[PDB]
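Everything on this sheet refers to the single structure shown next.
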Amino acid sequence: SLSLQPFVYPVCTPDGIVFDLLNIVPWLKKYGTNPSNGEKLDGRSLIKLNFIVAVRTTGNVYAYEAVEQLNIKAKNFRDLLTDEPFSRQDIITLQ
Amino acid sequence: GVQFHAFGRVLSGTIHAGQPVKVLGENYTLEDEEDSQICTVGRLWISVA
Amino acid sequence: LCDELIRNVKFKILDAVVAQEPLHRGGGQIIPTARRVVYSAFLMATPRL
């Protein structure tokens, strides 16, 4: 979210952002709150991600183009398999 | 050149100036509401050639 | 072929092999595979512009 770069070490906050593990650690040390929401967050609450695109919800691989088209179609934002909401931003691109 | 105005014949209903209208989409007006962008048209008038 | 709309072509699916578990195996990632199958069917049918 903050860097707009690929995460060195992916993590997620309850906010549900993909700012690797850099942004969260700095915000917790300074504020003790999540930068997006401003809600209190602890380091423990952070969830670290375990280290062709994959959707987090389906956890399935898809052609990148196909995924993007489903996310942005008429109300087909969520996800073809799960139909759980999913954005382009939280699509993980595999190298 | 910058301002566009819509035209058409309503079927059954009458809101004169103040009442806004929830605009519908071409394909975004299904049961899954994607885009409405409700605005208010207070300059609705009839026209001639 | 040349990024043009297909017309007058019936792509008959002869035989298929489905996954036993769609949540475990590929269940939502078969549409690019079906697009590649349709492209290989249209390319190997002696096309004409």
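Chain labels A, B, ... are given in the sequence in which chains occur in the structure tokens; within each chain residues are numbered consecutively from 1, and ligands are likewise numbered from 1 in the order shown.
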Can you work out which residues from chain B touch chain A at a cut-off of 10 Å (counting only C-alpha atoms) and hand them back as a PDB file with C-alpha atoms, in the first residue's frame?
ATOM      1  CA  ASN B  27     -24.725  -2.812 -18.703  1.00  0.00           C
ATOM      2  CA  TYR B  28     -24.196  -1.587 -15.116  1.00  0.00           C
ATOM      3  CA  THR B  29     -27.945  -1.498 -14.353  1.00  0.00           C
ATOM      4  CA  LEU B  30     -28.399  -5.184 -13.512  1.00  0.00           C
ATOM      5  CA  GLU B  31     -29.359  -6.684 -10.138  1.00  0.00           C
ATOM      6  CA  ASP B  32     -25.687  -6.309  -9.210  1.00  0.00           C
ATOM      7  CA  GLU B  33     -25.528  -2.521  -8.823  1.00  0.00           C
ATOM      8  CA  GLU B  34     -22.176  -1.347 -10.188  1.00  0.00           C
ATOM      9  CA  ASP B  35     -22.508   2.348 -11.103  1.00  0.00           C
TER      10      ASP B  35
END
Neighbouring residues of residue 14 in chain A were defined as those with any atom within 9 Å, considering only C-alpha atoms; residues of the same chain fewer than 6 positions away were excluded. Please report them as a PyMOL selection string. chain A and resi 34+41+45-47
Keeping only N, CA and C atoms, take the residues you just selected and write them out as a PDB file, in the first residue's frame.
ATOM      1  N   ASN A  34      -2.631   0.897  13.162  1.00  0.00           N
ATOM      2  CA  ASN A  34      -2.546   0.592  11.740  1.00  0.00           C
ATOM      3  C   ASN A  34      -2.627   1.924  11.000  1.00  0.00           C
ATOM      4  N   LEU A  41      -3.022  -1.562  16.572  1.00  0.00           N
ATOM      5  CA  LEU A  41      -2.539  -2.854  16.089  1.00  0.00           C
ATOM      6  C   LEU A  41      -1.243  -3.159  16.807  1.00  0.00           C
ATOM      7  N   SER A  45      -0.431  -9.067  16.162  1.00  0.00           N
ATOM      8  CA  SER A  45      -1.627  -9.156  15.330  1.00  0.00           C
ATOM      9  C   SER A  45      -1.241  -9.282  13.867  1.00  0.00           C
ATOM     10  N   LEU A  46      -0.097  -8.729  13.472  1.00  0.00           N
ATOM     11  CA  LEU A  46       0.303  -8.817  12.065  1.00  0.00           C
ATOM     12  C   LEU A  46       0.335 -10.257  11.651  1.00  0.00           C
ATOM     13  N   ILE A  47      -0.026 -10.459  10.426  1.00  0.00           N
ATOM     14  CA  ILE A  47      -0.014 -11.821  10.000  1.00  0.00           C
ATOM     15  C   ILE A  47       1.053 -11.841   8.906  1.00  0.00           C
TER      16      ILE A  47
END
With a cut-off of 12 Å, could you pull out the residues of chain A touching chain C and give me the nearest pair of atoms for each, distance in Å to one decimal, using only C-alpha atoms, ordered by chain and ascending number, as JSON lines?
{"residue": "A:52", "atom": "CA", "partner": "C:29", "partner_atom": "CA", "distance": 10.6}
{"residue": "A:53", "atom": "CA", "partner": "C:29", "partner_atom": "CA", "distance": 10.6}
{"residue": "A:54", "atom": "CA", "partner": "C:29", "partner_atom": "CA", "distance": 10.1}
{"residue": "A:55", "atom": "CA", "partner": "C:28", "partner_atom": "CA", "distance": 10.6}
{"residue": "A:57", "atom": "CA", "partner": "C:23", "partner_atom": "CA", "distance": 11.6}
{"residue": "A:58", "atom": "CA", "partner": "C:23", "partner_atom": "CA", "distance": 8.3}
{"residue": "A:59", "atom": "CA", "partner": "C:23", "partner_atom": "CA", "distance": 9.4}
{"residue": "A:60", "atom": "CA", "partner": "C:26", "partner_atom": "CA", "distance": 7.2}
{"residue": "A:61", "atom": "CA", "partner": "C:29", "partner_atom": "CA", "distance": 6.5}
{"residue": "A:62", "atom": "CA", "partner": "C:29", "partner_atom": "CA", "distance": 5.3}
{"residue": "A:63", "atom": "CA", "partner": "C:32", "partner_atom": "CA", "distance": 6.5}
{"residue": "A:64", "atom": "CA", "partner": "C:32", "partner_atom": "CA", "distance": 9.7}
{"residue": "A:65", "atom": "CA", "partner": "C:32", "partner_atom": "CA", "distance": 9.1}
{"residue": "A:66", "atom": "CA", "partner": "C:32", "partner_atom": "CA", "distance": 6.9}
{"residue": "A:67", "atom": "CA", "partner": "C:29", "partner_atom": "CA", "distance": 9.2}
{"residue": "A:69", "atom": "CA", "partner": "C:32", "partner_atom": "CA", "distance": 11.6}
{"residue": "A:70", "atom": "CA", "partner": "C:31", "partner_atom": "CA", "distance": 11.0}
{"residue": "A:79", "atom": "CA", "partner": "C:28", "partner_atom": "CA", "distance": 9.3}
{"residue": "A:80", "atom": "CA", "partner": "C:28", "partner_atom": "CA", "distance": 6.7}
{"residue": "A:81", "atom": "CA", "partner": "C:28", "partner_atom": "CA", "distance": 5.5}
{"residue": "A:82", "atom": "CA", "partner": "C:28", "partner_atom": "CA", "distance": 9.1}
{"residue": "A:83", "atom": "CA", "partner": "C:28", "partner_atom": "CA", "distance": 11.0}
Please produce a file of those selected residues containing N, CA, C and O atoms, as a PDB file, in the first residue's frame.
ATOM      1  N   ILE A  52       1.715 -15.780 -14.314  1.00  0.00           N
ATOM      2  CA  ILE A  52       1.043 -16.644 -13.353  1.00  0.00           C
ATOM      3  C   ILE A  52       0.797 -15.753 -12.158  1.00  0.00           C
ATOM      4  O   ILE A  52       1.708 -15.098 -11.652  1.00  0.00           O
ATOM      5  N   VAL A  53      -0.460 -15.658 -11.810  1.00  0.00           N
ATOM      6  CA  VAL A  53      -0.784 -14.895 -10.606  1.00  0.00           C
ATOM      7  C   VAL A  53      -1.659 -15.751  -9.737  1.00  0.00           C
ATOM      8  O   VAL A  53      -2.323 -16.661 -10.235  1.00  0.00           O
ATOM      9  N   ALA A  54      -1.683 -15.408  -8.473  1.00  0.00           N
ATOM     10  CA  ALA A  54      -2.524 -16.193  -7.576  1.00  0.00           C
ATOM     11  C   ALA A  54      -3.481 -15.230  -6.905  1.00  0.00           C
ATOM     12  O   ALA A  54      -3.149 -14.071  -6.652  1.00  0.00           O
ATOM     13  N   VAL A  55      -4.680 -15.726  -6.686  1.00  0.00           N
ATOM     14  CA  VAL A  55      -5.650 -14.943  -5.917  1.00  0.00           C
ATOM     15  C   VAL A  55      -5.521 -15.448  -4.487  1.00  0.00           C
ATOM     16  O   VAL A  55      -5.463 -16.652  -4.272  1.00  0.00           O
ATOM     17  N   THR A  57      -7.803 -15.296  -2.129  1.00  0.00           N
ATOM     18  CA  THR A  57      -8.998 -15.987  -1.643  1.00  0.00           C
ATOM     19  C   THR A  57      -9.083 -17.414  -2.167  1.00  0.00           C
ATOM     20  O   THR A  57      -9.248 -18.336  -1.383  1.00  0.00           O
ATOM     21  N   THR A  58      -8.990 -17.558  -3.486  1.00  0.00           N
ATOM     22  CA  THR A  58      -9.116 -18.890  -4.067  1.00  0.00           C
ATOM     23  C   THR A  58      -7.841 -19.658  -3.777  1.00  0.00           C
ATOM     24  O   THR A  58      -7.890 -20.870  -3.619  1.00  0.00           O
ATOM     25  N   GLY A  59      -6.723 -18.944  -3.764  1.00  0.00           N
ATOM     26  CA  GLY A  59      -5.431 -19.607  -3.594  1.00  0.00           C
ATOM     27  C   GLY A  59      -5.181 -20.426  -4.854  1.00  0.00           C
ATOM     28  O   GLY A  59      -4.516 -21.450  -4.797  1.00  0.00           O
ATOM     29  N   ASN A  60      -5.766 -19.974  -5.964  1.00  0.00           N
ATOM     30  CA  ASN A  60      -5.595 -20.675  -7.230  1.00  0.00           C
ATOM     31  C   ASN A  60      -4.820 -19.784  -8.174  1.00  0.00           C
ATOM     32  O   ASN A  60      -4.872 -18.556  -8.066  1.00  0.00           O
ATOM     33  N   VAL A  61      -4.112 -20.433  -9.080  1.00  0.00           N
ATOM     34  CA  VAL A  61      -3.296 -19.704 -10.058  1.00  0.00           C
ATOM     35  C   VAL A  61      -4.159 -19.383 -11.265  1.00  0.00           C
ATOM     36  O   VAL A  61      -5.014 -20.171 -11.635  1.00  0.00           O
ATOM     37  N   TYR A  62      -3.949 -18.238 -11.862  1.00  0.00           N
ATOM     38  CA  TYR A  62      -4.694 -17.941 -13.078  1.00  0.00           C
ATOM     39  C   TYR A  62      -3.836 -17.178 -14.045  1.00  0.00           C
ATOM     40  O   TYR A  62      -2.759 -16.701 -13.671  1.00  0.00           O
ATOM     41  N   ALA A  63      -4.269 -17.159 -15.303  1.00  0.00           N
ATOM     42  CA  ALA A  63      -3.565 -16.271 -16.229  1.00  0.00           C
ATOM     43  C   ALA A  63      -3.815 -14.890 -15.654  1.00  0.00           C
ATOM     44  O   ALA A  63      -4.908 -14.628 -15.149  1.00  0.00           O
ATOM     45  N   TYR A  64      -2.809 -14.042 -15.765  1.00  0.00           N
ATOM     46  CA  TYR A  64      -2.928 -12.710 -15.174  1.00  0.00           C
ATOM     47  C   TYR A  64      -4.048 -11.961 -15.867  1.00  0.00           C
ATOM     48  O   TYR A  64      -4.814 -11.266 -15.219  1.00  0.00           O
ATOM     49  N   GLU A  65      -4.086 -12.058 -17.191  1.00  0.00           N
ATOM     50  CA  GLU A  65      -5.071 -11.287 -17.951  1.00  0.00           C
ATOM     51  C   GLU A  65      -6.470 -11.733 -17.563  1.00  0.00           C
ATOM     52  O   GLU A  65      -7.332 -10.880 -17.395  1.00  0.00           O
ATOM     53  N   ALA A  66      -6.657 -13.043 -17.421  1.00  0.00           N
ATOM     54  CA  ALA A  66      -7.978 -13.584 -17.099  1.00  0.00           C
ATOM     55  C   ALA A  66      -8.405 -13.102 -15.727  1.00  0.00           C
ATOM     56  O   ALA A  66      -9.546 -12.677 -15.597  1.00  0.00           O
ATOM     57  N   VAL A  67      -7.468 -13.073 -14.780  1.00  0.00           N
ATOM     58  CA  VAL A  67      -7.840 -12.647 -13.433  1.00  0.00           C
ATOM     59  C   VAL A  67      -8.290 -11.205 -13.443  1.00  0.00           C
ATOM     60  O   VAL A  67      -9.269 -10.865 -12.795  1.00  0.00           O
ATOM     61  N   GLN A  69      -9.497  -9.453 -15.826  1.00  0.00           N
ATOM     62  CA  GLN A  69     -10.772  -9.238 -16.506  1.00  0.00           C
ATOM     63  C   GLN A  69     -11.896  -9.638 -15.572  1.00  0.00           C
ATOM     64  O   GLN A  69     -12.854  -8.890 -15.475  1.00  0.00           O
ATOM     65  N   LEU A  70     -11.732 -10.724 -14.814  1.00  0.00           N
ATOM     66  CA  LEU A  70     -12.869 -11.063 -13.959  1.00  0.00           C
ATOM     67  C   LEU A  70     -13.025 -10.026 -12.856  1.00  0.00           C
ATOM     68  O   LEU A  70     -14.151  -9.649 -12.572  1.00  0.00           O
ATOM     69  N   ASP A  79     -14.371 -12.659  -7.358  1.00  0.00           N
ATOM     70  CA  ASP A  79     -13.417 -13.739  -7.636  1.00  0.00           C
ATOM     71  C   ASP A  79     -14.285 -14.783  -8.264  1.00  0.00           C
ATOM     72  O   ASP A  79     -15.315 -15.124  -7.702  1.00  0.00           O
ATOM     73  N   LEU A  80     -13.826 -15.310  -9.377  1.00  0.00           N
ATOM     74  CA  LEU A  80     -14.681 -16.266 -10.071  1.00  0.00           C
ATOM     75  C   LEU A  80     -15.009 -17.497  -9.245  1.00  0.00           C
ATOM     76  O   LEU A  80     -16.177 -17.850  -9.158  1.00  0.00           O
ATOM     77  N   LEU A  81     -14.008 -18.111  -8.622  1.00  0.00           N
ATOM     78  CA  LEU A  81     -14.313 -19.357  -7.911  1.00  0.00           C
ATOM     79  C   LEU A  81     -15.106 -19.090  -6.643  1.00  0.00           C
ATOM     80  O   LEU A  81     -16.215 -19.592  -6.494  1.00  0.00           O
ATOM     81  N   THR A  82     -14.511 -18.299  -5.755  1.00  0.00           N
ATOM     82  CA  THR A  82     -15.077 -18.064  -4.422  1.00  0.00           C
ATOM     83  C   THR A  82     -16.234 -17.090  -4.469  1.00  0.00           C
ATOM     84  O   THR A  82     -17.178 -17.244  -3.705  1.00  0.00           O
ATOM     85  N   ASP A  83     -16.147 -16.102  -5.358  1.00  0.00           N
ATOM     86  CA  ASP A  83     -17.085 -14.980  -5.366  1.00  0.00           C
ATOM     87  C   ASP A  83     -16.929 -14.177  -4.100  1.00  0.00           C
ATOM     88  O   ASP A  83     -17.846 -13.489  -3.691  1.00  0.00           O
TER      89      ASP A  83
END
What lies within 8 Å of residue 43 in chain B using only C-alpha atoms, ignoring chain neighbours under 2 positions off, as a list in words? residues 17, 41 and 45 of chain B
If we count only C-alpha atoms and set the cut-off at 8 Å, which residues sit around residue 18 in chain B, ignoring sequence neighbours fewer than 3 positions away in its own chain? Please answer as a PyMOL selection string. chain B and resi 15+40-42
List every residue of chain A that DSSP, applied to the backbone of this structure, assigns to strand (DSSP E), and report them as a PDB file with N, CA, C and O atoms, in the first residue's frame.
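The result, written out as result.pdb:
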ATOM      1  N   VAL A  11       3.312  -9.393   4.599  1.00  0.00           N
ATOM      2  CA  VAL A  11       2.522  -9.506   5.833  1.00  0.00           C
ATOM      3  C   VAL A  11       1.153  -8.905   5.537  1.00  0.00           C
ATOM      4  O   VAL A  11       0.949  -8.349   4.475  1.00  0.00           O
ATOM      5  N   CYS A  12       0.219  -9.063   6.434  1.00  0.00           N
ATOM      6  CA  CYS A  12      -1.053  -8.396   6.240  1.00  0.00           C
ATOM      7  C   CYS A  12      -1.545  -7.944   7.574  1.00  0.00           C
ATOM      8  O   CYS A  12      -1.222  -8.508   8.611  1.00  0.00           O
ATOM      9  N   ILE A  47      -0.026 -10.459  10.426  1.00  0.00           N
ATOM     10  CA  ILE A  47      -0.014 -11.821  10.000  1.00  0.00           C
ATOM     11  C   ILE A  47       1.053 -11.841   8.906  1.00  0.00           C
ATOM     12  O   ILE A  47       1.134 -10.858   8.179  1.00  0.00           O
ATOM     13  N   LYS A  48       2.035 -12.719   9.027  1.00  0.00           N
ATOM     14  CA  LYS A  48       3.099 -12.795   8.011  1.00  0.00           C
ATOM     15  C   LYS A  48       2.686 -13.809   6.957  1.00  0.00           C
ATOM     16  O   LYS A  48       2.116 -14.849   7.280  1.00  0.00           O
ATOM     17  N   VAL A  53      -0.460 -15.658 -11.810  1.00  0.00           N
ATOM     18  CA  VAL A  53      -0.784 -14.895 -10.606  1.00  0.00           C
ATOM     19  C   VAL A  53      -1.659 -15.751  -9.737  1.00  0.00           C
ATOM     20  O   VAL A  53      -2.323 -16.661 -10.235  1.00  0.00           O
ATOM     21  N   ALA A  54      -1.683 -15.408  -8.473  1.00  0.00           N
ATOM     22  CA  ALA A  54      -2.524 -16.193  -7.576  1.00  0.00           C
ATOM     23  C   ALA A  54      -3.481 -15.230  -6.905  1.00  0.00           C
ATOM     24  O   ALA A  54      -3.149 -14.071  -6.652  1.00  0.00           O
ATOM     25  N   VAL A  55      -4.680 -15.726  -6.686  1.00  0.00           N
ATOM     26  CA  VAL A  55      -5.650 -14.943  -5.917  1.00  0.00           C
ATOM     27  C   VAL A  55      -5.521 -15.448  -4.487  1.00  0.00           C
ATOM     28  O   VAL A  55      -5.463 -16.652  -4.272  1.00  0.00           O
ATOM     29  N   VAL A  61      -4.112 -20.433  -9.080  1.00  0.00           N
ATOM     30  CA  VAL A  61      -3.296 -19.704 -10.058  1.00  0.00           C
ATOM     31  C   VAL A  61      -4.159 -19.383 -11.265  1.00  0.00           C
ATOM     32  O   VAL A  61      -5.014 -20.171 -11.635  1.00  0.00           O
ATOM     33  N   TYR A  62      -3.949 -18.238 -11.862  1.00  0.00           N
ATOM     34  CA  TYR A  62      -4.694 -17.941 -13.078  1.00  0.00           C
ATOM     35  C   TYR A  62      -3.836 -17.178 -14.045  1.00  0.00           C
ATOM     36  O   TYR A  62      -2.759 -16.701 -13.671  1.00  0.00           O
ATOM     37  N   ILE A  91      -3.762  -8.985  -5.917  1.00  0.00           N
ATOM     38  CA  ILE A  91      -3.469 -10.175  -6.721  1.00  0.00           C
ATOM     39  C   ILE A  91      -1.971 -10.312  -6.594  1.00  0.00           C
ATOM     40  O   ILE A  91      -1.241  -9.323  -6.695  1.00  0.00           O
ATOM     41  N   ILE A  92      -1.538 -11.532  -6.387  1.00  0.00           N
ATOM     42  CA  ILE A  92      -0.101 -11.726  -6.208  1.00  0.00           C
ATOM     43  C   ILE A  92       0.449 -12.176  -7.545  1.00  0.00           C
ATOM     44  O   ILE A  92       0.014 -13.190  -8.085  1.00  0.00           O
ATOM     45  N   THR A  93       1.440 -11.437  -8.002  1.00  0.00           N
ATOM     46  CA  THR A  93       2.065 -11.794  -9.274  1.00  0.00           C
ATOM     47  C   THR A  93       3.264 -12.674  -8.967  1.00  0.00           C
ATOM     48  O   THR A  93       4.139 -12.271  -8.203  1.00  0.00           O
TER      49      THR A  93
END
What does the distance between CA of residue 21 in chain A and CA of residue 5 in chain A come to in Å, to one decimal place?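 Between CA of residue 21 in chain A and CA of residue 5 in chain A the gap is 11.8 Å.
Pairwise distance (CA of residue 34 in chain C, CA of residue 13 in chain C) equals 10.2 Å.
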Spatial neighbours of residue 37 in chain A, 12 Å, only C-alpha atoms, chain gap at least 4 places, as an mmCIF file with C-alpha atoms, in the first residue's frame:
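The resulting out32.cif:
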data_model
loop_
_atom_site.group_PDB
_atom_site.id
_atom_site.type_symbol
_atom_site.label_atom_id
_atom_site.label_comp_id
_atom_site.auth_asym_id
_atom_site.auth_seq_id
_atom_site.Cartn_x
_atom_site.Cartn_y
_atom_site.Cartn_z
ATOM 1 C CA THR A 13 -2.801 -6.328 8.768
ATOM 2 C CA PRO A 14 -6.391 -6.580 9.739
ATOM 3 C CA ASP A 15 -6.791 -3.576 7.461
ATOM 4 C CA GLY A 16 -6.035 -6.122 4.765
ATOM 5 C CA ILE A 17 -3.294 -4.131 2.946
ATOM 6 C CA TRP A 27 3.867 2.201 12.188
ATOM 7 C CA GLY A 32 0.952 1.385 17.871
ATOM 8 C CA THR A 33 -1.853 1.705 15.295
ATOM 9 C CA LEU A 41 -2.539 -2.854 16.089
#
Quote the spacing between CA of residue 7 in chain A and CA of residue 19 in chain A in Å to one decimal place.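 Separation of CA of residue 7 in chain A and CA of residue 19 in chain A: 6.4 Å.
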So that I can check the surroundings of residue 43 in chain A, please list as a PyMOL selection string every protein, DNA and RNA residue that reaches within 8 Å of it, counting only C-alpha atoms and ignoring chain neighbours fewer than 4 positions away. chain A and resi 24-25+28
Writing out the chosen residues with N, CA, C and O atoms as a CSV table (one decimal), in the first residue's frame:
chain,number,residue,atom,x,y,z
A,24,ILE,N,4.3,-2.1,8.3
A,24,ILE,CA,3.7,-2.3,9.5
A,24,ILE,C,4.6,-2.1,10.7
A,24,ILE,O,4.2,-1.6,11.7
A,25,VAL,N,5.8,-2.6,10.5
A,25,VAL,CA,6.7,-2.5,11.7
A,25,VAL,C,7.0,-1.1,12.0
A,25,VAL,O,6.9,-0.7,13.2
A,28,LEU,N,3.9,0.4,13.9
A,28,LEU,CA,3.6,-0.1,15.2
A,28,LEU,C,4.6,0.5,16.2
A,28,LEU,O,4.3,0.9,17.3
Spatial neighbours of residue 45 in chain C, 12 Å, only C-alpha atoms, chain gap at least 6 places, as a list in words: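 Contacts, in chain order: residues 1, 9, 10, 11, 12, 38 and 39 of chain C.
Of the residues in chain C, those given helix (DSSP H, G or I) by DSSP on the backbone are residues 31, 32, 33, 34, 35, 36, 37, 38, 39, 40, 41, 42 and 43 of chain C.
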